[PDB]
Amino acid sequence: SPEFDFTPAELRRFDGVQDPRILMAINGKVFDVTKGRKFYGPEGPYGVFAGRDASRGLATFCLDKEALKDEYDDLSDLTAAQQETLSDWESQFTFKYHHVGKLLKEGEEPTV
C-alpha cells in the first residue's frame, strides 16, 4: 500500500469500462495503467488483463482469456523460467506505470 491494496474481486471493476480507470496486477503489485488504454482498453490487444491479475498470462505468454483465474491465483506452479519472465514484466511496469498497492493473496491482510 503506497495508496491502496485490492483483492482480485475488488480489482475487477477497474477495467476502463465499468470505471474509466484501468488497474492491473503483476506479481502481487497493482498498477494504474489507465494511460496505457491503447493496450488495455476494451478494443486494445491486451484488454483481457484490464482489472485482472495479469501475472500468469504475462509469465506464460498467454492471452487466452479462459486461462485467467477468477479469484486468487496461486503462482506456485510456474516454472523457474516463467517466474523470471514474470519478474522482467514487473520491472517494466514498475518503470512505466504508477504503483498503487498490493494485490492481496488469499487471507493476506491489507496495509495502512
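The first residue of the shown sequence is 1; numbering continues from there.
- Across the two stretches, 22-30 and 74-82, the PDB entry reports the greater mean Cα temperature factor for 74-82.
- Set 102-110 against 3-11 and average the Cα temperature factors; 102-110 ends up higher.
- Per-chain ranking of the deposited C-alpha B factor places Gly57 in the lowest third.
- Sorting the modelled residues of the chain by their CA temperature factor places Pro42 in the highest third.
- Compared with the other modelled residues of the chain, the Cα B-factor recorded for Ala67 ranks in the highest third.
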